[PDB]
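**Q** Shown below is the structure under consideration.
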Amino acid sequence: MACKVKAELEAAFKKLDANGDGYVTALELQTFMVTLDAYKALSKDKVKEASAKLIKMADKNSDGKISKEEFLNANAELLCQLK
Numbered sequence: 001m002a003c004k005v006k007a008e009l010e011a012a013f014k015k016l017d018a019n020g021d022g023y024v025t026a027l028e029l030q031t032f033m034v035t036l037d038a039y040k041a042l043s044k045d046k047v048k049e050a051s052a053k054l055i056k057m058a059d060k061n062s063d064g065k066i067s068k069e070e071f072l073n074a075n076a077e078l079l080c081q082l083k
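Using the authors' numbering, the first residue of the sequence shown is number 1, and each one after it goes up by one.
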């Protein structure tokens with residue numbers, strides 16, 4: 001009952017830059033967010049063209065980021081497309 005659902009952002013964040021030293025994390029998400037703070041570059045696939053290279057440094061089978069990241073990273077990505 002305590003609290004609820006929403007802090008899911010704390011997972012990716014706390015995992016994205018909990019210590020940041022040499023592990024692929026949001027450290028790039030910032031660039032992603034800065035490069036497309038509004039995912040205004042997905043659909044076509046201009047998002048993977050940059051993530052694919054960034055994912056090759058940690059994202060090979062789902063290790064880089066798995067949580068709010070996928071939430072926010074998939075939020076617009078999975079939500080992208082429409083009128």
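Virtual Cβ for every residue (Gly too), placed ideally from N, Cα, C.
Quick check for students: name the residue ranges of the alpha helix (DSSP H) that lie wholly in the region 3-73, counting only runs of 4 or more.
**A** With a minimum length of 4 residues, the continuous alpha helix (DSSP H) runs that stay inside the region 3-73 are 8-16, 26-36, 48-55.
**Q** Would you decide whether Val47 is buried or exposed? Buried here means 16 or more other CB atoms lie within 10 Å of its CB.
**A** Working through the sequence shown from its first residue, we reach residue 47 at position 47. Buried.
**Q** Look at the alpha carbon of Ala2 and the alpha carbon of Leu16, and state the distance between them as a whole number of angstroms.
**A** Residue mapping note: residue 2 aligns to position 2 of the sequence shown, counting from 1. Residue mapping note: residue 16 aligns to position 16 of the sequence shown, counting from 1. Going by the C-alpha atoms only, they are around 25 Å apart.
**Q** Got a sec? Which residues, its chain only, sit under 7 Å from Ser43 by beta carbon, not counting five neighbours each side?
**A** What you label residue 43 is simply residue 43 of the sequence shown in a count that begins at 1. Here the set comprises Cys80, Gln81.
**Q** With 16 as the cutoff for other CB atoms within 10 Å, does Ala26 come out buried or exposed?
**A** Indexing the sequence shown from 1 puts residue 26 at position 26. By the neighbour-count rule (16 or more Cβ atoms within 10 Å), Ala26 is buried.
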